[PDB]
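Below is one structure; the comments refer to it alone.
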Amino acid sequence: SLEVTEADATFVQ
Amino acid sequence: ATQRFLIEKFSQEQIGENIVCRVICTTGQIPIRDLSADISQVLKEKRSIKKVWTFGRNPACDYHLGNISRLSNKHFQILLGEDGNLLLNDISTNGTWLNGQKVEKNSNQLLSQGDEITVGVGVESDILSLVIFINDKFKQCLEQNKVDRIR
(Lines give C-alpha, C1' and ligand atoms only; values in the text may rest on other atoms or scores of the structure.)
Protein backbone atom coordinates (compact mmCIF):
# COMPACT_ATOMS: atom_id res chain seq x y z
CA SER A 1 0.00 0.00 0.00
CA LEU A 2 1.19 3.51 -0.88
CA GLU A 3 -0.73 6.74 -0.31
CA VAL A 4 -0.54 8.10 3.23
CA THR A 5 2.43 8.37 5.58
CA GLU A 6 5.88 8.80 4.02
CA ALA A 7 7.72 5.55 3.30
CA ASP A 8 11.07 4.35 1.95
CA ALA A 9 12.44 1.44 -0.08
CA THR A 10 15.84 0.49 -1.48
CA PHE A 11 16.21 -0.63 -5.10
CA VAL A 12 19.03 -3.12 -4.51
CA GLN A 13 18.19 -6.81 -4.16
CA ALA B 1 -17.18 -0.68 60.72
CA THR B 2 -14.55 -0.35 57.99
CA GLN B 3 -11.42 -1.64 59.72
CA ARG B 4 -9.81 -2.96 56.54
CA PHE B 5 -10.95 0.08 54.56
CA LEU B 6 -9.27 2.38 57.07
CA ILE B 7 -5.90 0.73 56.43
CA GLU B 8 -6.39 0.94 52.66
CA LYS B 9 -6.37 4.73 53.05
CA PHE B 10 -2.94 4.41 54.68
CA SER B 11 -1.29 3.62 51.35
CA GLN B 12 -3.61 5.76 49.22
CA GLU B 13 -1.32 5.70 46.19
CA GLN B 14 -0.02 2.30 45.08
CA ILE B 15 2.88 2.35 42.63
CA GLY B 16 3.26 -0.50 40.20
CA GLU B 17 -0.34 -1.71 40.34
CA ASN B 18 0.19 -4.03 37.38
CA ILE B 19 2.54 -2.09 35.23
CA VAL B 20 4.57 -3.93 32.65
CA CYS B 21 6.70 -1.17 31.15
CA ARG B 22 6.62 2.62 30.82
CA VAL B 23 7.23 4.71 27.70
CA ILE B 24 9.02 8.03 28.10
CA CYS B 25 9.50 10.39 25.14
CA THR B 26 12.95 11.97 25.44
CA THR B 27 12.55 13.94 22.20
CA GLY B 28 9.60 15.81 23.71
CA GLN B 29 6.53 14.95 21.64
CA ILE B 30 4.42 12.34 23.45
CA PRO B 31 3.42 12.38 27.16
CA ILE B 32 4.84 9.68 29.41
CA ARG B 33 2.53 6.67 29.66
CA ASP B 34 2.64 3.33 31.49
CA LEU B 35 1.98 -0.01 29.81
CA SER B 36 0.37 -2.58 32.09
CA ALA B 37 -0.81 -6.14 32.19
CA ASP B 38 -2.63 -8.21 34.82
CA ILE B 39 -0.91 -11.25 36.32
CA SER B 40 -4.06 -13.37 36.38
CA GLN B 41 -4.49 -12.69 32.68
CA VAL B 42 -0.87 -13.64 32.02
CA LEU B 43 -1.16 -16.96 33.85
CA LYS B 44 -4.56 -17.58 32.26
CA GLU B 45 -3.59 -16.50 28.74
CA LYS B 46 -1.99 -19.26 26.66
CA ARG B 47 -2.38 -18.07 23.07
CA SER B 48 1.33 -17.35 22.65
CA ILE B 49 0.57 -13.79 23.78
CA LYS B 50 -0.82 -12.02 26.84
CA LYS B 51 -1.03 -8.29 26.12
CA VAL B 52 0.42 -6.12 23.37
CA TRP B 53 0.53 -2.35 22.93
CA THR B 54 0.32 -0.54 19.60
CA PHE B 55 2.02 2.83 19.14
CA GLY B 56 1.58 5.41 16.41
CA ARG B 57 -0.38 8.42 15.17
CA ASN B 58 -3.60 6.40 15.34
CA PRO B 59 -6.07 7.32 18.14
CA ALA B 60 -6.72 3.60 18.41
CA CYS B 61 -3.12 2.80 18.99
CA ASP B 62 -2.30 2.29 22.62
CA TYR B 63 0.12 5.18 22.02
CA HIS B 64 -0.72 8.48 20.32
CA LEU B 65 2.13 10.47 18.77
CA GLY B 66 2.28 14.08 17.61
CA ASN B 67 1.10 13.14 14.11
CA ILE B 68 4.26 12.63 12.04
CA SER B 69 3.93 12.19 8.27
CA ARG B 70 6.93 9.85 8.34
CA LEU B 71 5.53 7.69 11.15
CA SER B 72 2.61 5.34 10.47
CA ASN B 73 -0.78 5.06 12.24
CA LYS B 74 0.67 2.20 14.24
CA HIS B 75 4.38 2.81 13.97
CA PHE B 76 5.39 0.19 16.51
CA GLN B 77 3.87 -2.38 18.87
CA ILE B 78 5.03 -3.90 22.18
CA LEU B 79 4.11 -7.44 23.26
CA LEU B 80 4.18 -9.01 26.72
CA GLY B 81 4.57 -12.74 27.32
CA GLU B 82 7.20 -15.45 27.60
CA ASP B 83 8.10 -17.11 30.91
CA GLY B 84 8.64 -13.66 32.37
CA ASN B 85 10.00 -11.19 29.83
CA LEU B 86 8.81 -8.52 27.39
CA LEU B 87 9.11 -8.27 23.61
CA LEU B 88 9.08 -5.32 21.20
CA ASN B 89 7.37 -5.55 17.82
CA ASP B 90 8.07 -2.99 15.12
CA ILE B 91 5.14 -2.20 12.82
CA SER B 92 6.01 0.99 10.93
CA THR B 93 5.88 1.71 7.21
CA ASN B 94 9.49 2.92 7.21
CA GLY B 95 10.80 0.85 10.11
CA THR B 96 11.53 0.90 13.83
CA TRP B 97 14.94 1.66 15.34
CA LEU B 98 16.71 0.54 18.47
CA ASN B 99 19.56 2.75 19.69
CA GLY B 100 20.37 3.65 16.10
CA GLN B 101 20.06 0.06 14.91
CA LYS B 102 17.11 -0.73 12.68
CA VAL B 103 15.30 -3.98 13.53
CA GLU B 104 13.24 -6.33 11.36
CA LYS B 105 9.62 -5.16 11.13
CA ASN B 106 6.91 -7.22 12.83
CA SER B 107 9.79 -9.03 14.52
CA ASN B 108 9.94 -9.95 18.21
CA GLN B 109 12.89 -8.52 20.13
CA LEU B 110 14.06 -8.98 23.72
CA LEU B 111 13.44 -5.98 25.97
CA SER B 112 16.31 -3.87 27.25
CA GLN B 113 16.71 -1.84 30.44
CA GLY B 114 15.86 1.81 29.81
CA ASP B 115 15.97 0.90 26.13
CA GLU B 116 14.98 3.41 23.47
CA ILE B 117 13.20 3.06 20.13
CA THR B 118 13.79 5.50 17.28
CA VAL B 119 11.25 6.04 14.51
CA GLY B 120 10.73 8.10 11.38
CA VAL B 121 14.15 7.55 9.90
CA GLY B 122 15.14 9.10 6.62
CA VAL B 123 15.50 12.72 7.58
CA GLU B 124 17.68 13.70 10.54
CA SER B 125 15.02 16.30 11.29
CA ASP B 126 12.15 13.80 11.05
CA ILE B 127 13.15 11.14 13.53
CA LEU B 128 11.36 10.47 16.82
CA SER B 129 12.98 8.87 19.87
CA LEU B 130 11.20 6.97 22.64
CA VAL B 131 12.60 5.46 25.85
CA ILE B 132 11.24 2.35 27.52
CA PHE B 133 11.24 1.93 31.31
CA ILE B 134 10.85 -1.41 33.09
CA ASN B 135 8.98 -1.86 36.38
CA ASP B 136 11.10 -4.00 38.71
CA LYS B 137 7.92 -4.67 40.68
CA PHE B 138 6.38 -6.60 37.79
CA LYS B 139 9.50 -8.76 37.46
CA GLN B 140 9.24 -9.64 41.16
CA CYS B 141 5.81 -11.19 40.64
CA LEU B 142 6.92 -13.20 37.61
CA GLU B 143 10.13 -14.24 39.38
CA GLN B 144 8.17 -15.65 42.32
CA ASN B 145 5.17 -16.69 40.19
CA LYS B 146 3.92 -19.49 42.46
CA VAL B 147 4.05 -18.65 46.17
CA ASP B 148 4.74 -21.55 48.54
CA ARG B 149 2.53 -21.03 51.59
CA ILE B 150 -1.10 -22.05 51.06
CA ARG B 151 -1.78 -25.74 50.47
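By convention here, the chains of the C-alpha coordinates are called A, B, ... in the order presented, each chain's residues are numbered starting at 1, and ligands are numbered starting at 1 in the order presented.
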
Residues of chain A within 9 Å of chain B, counting only C-alpha atoms - could you list those as an mmCIF file with N, CA, C and O atoms, in the first residue's frame?
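part01.cif was written with the following content:
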```cif
data_model
loop_
_atom_site.group_PDB
_atom_site.id
_atom_site.type_symbol
_atom_site.label_atom_id
_atom_site.label_comp_id
_atom_site.auth_asym_id
_atom_site.auth_seq_id
_atom_site.Cartn_x
_atom_site.Cartn_y
_atom_site.Cartn_z
ATOM 1 N N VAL A 4 -0.729 7.264 2.054
ATOM 2 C CA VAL A 4 -0.544 8.101 3.233
ATOM 3 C C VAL A 4 0.715 7.703 3.995
ATOM 4 O O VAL A 4 1.207 6.583 3.858
ATOM 5 N N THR A 5 1.232 8.627 4.797
ATOM 6 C CA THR A 5 2.433 8.375 5.582
ATOM 7 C C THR A 5 3.632 8.121 4.673
ATOM 8 O O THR A 5 3.619 7.206 3.850
ATOM 9 N N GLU A 6 4.671 8.937 4.829
ATOM 10 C CA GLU A 6 5.877 8.801 4.023
ATOM 11 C C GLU A 6 6.546 7.453 4.269
ATOM 12 O O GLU A 6 6.598 6.971 5.401
ATOM 13 N N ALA A 7 7.056 6.846 3.202
ATOM 14 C CA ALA A 7 7.721 5.553 3.302
ATOM 15 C C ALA A 7 8.999 5.526 2.471
ATOM 16 O O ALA A 7 9.242 6.417 1.657
ATOM 17 N N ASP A 8 9.815 4.498 2.683
ATOM 18 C CA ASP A 8 11.069 4.353 1.953
ATOM 19 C C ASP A 8 11.223 2.937 1.411
ATOM 20 O O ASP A 8 10.484 2.030 1.797
ATOM 21 N N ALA A 9 12.188 2.753 0.516
ATOM 22 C CA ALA A 9 12.439 1.445 -0.078
ATOM 23 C C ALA A 9 13.677 1.474 -0.968
ATOM 24 O O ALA A 9 13.785 2.302 -1.873
#
```

Just want the 6 Å neighbourhood of stretch 20-26 of chain B, counted on only C-alpha atoms, with same-chain residues fewer than 5 positions away dropped. Output as a list in words.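 The filter keeps residues 32, 33, 34, 35, 36, 37, 130, 131, 132, 133, 134 and 135 of chain B.
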
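Take the candidates B:117, B:6, B:42, B:86 and check each one against residue B:55 using only C-alpha atoms; the shortest distance goes to B:117.
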
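Note that the spacing between atom CA of residue B:56 and atom CA of residue B:119 amounts to 9.9 Å.
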
Could you pull out all residues of chain B with a DSSP call of strand (DSSP E or B) and give them as a PyMOL selection string? chain B and resi 19-24+33-36+51-56+63-64+76-81+85-90+96-98+101-103+108-110+116-119+128-134

Between atom CA of residue B:17 and atom CA of residue B:128 - distance in Å to one decimal: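 Value for the atom CA of residue B:128-atom CA of residue B:17 distance: 29.0 Å.
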
Have a look at B:3, B:129, B:11, B:18 and name the one nearest to residue B:39; count only C-alpha atoms.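 Comparing B:3, B:129, B:11, B:18 against residue B:39, the winner is B:18.
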
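Among the candidate residues B:100, B:125, B:110, B:66, the one lying nearest to residue B:28 is B:66, with distances computed using only C-alpha atoms.
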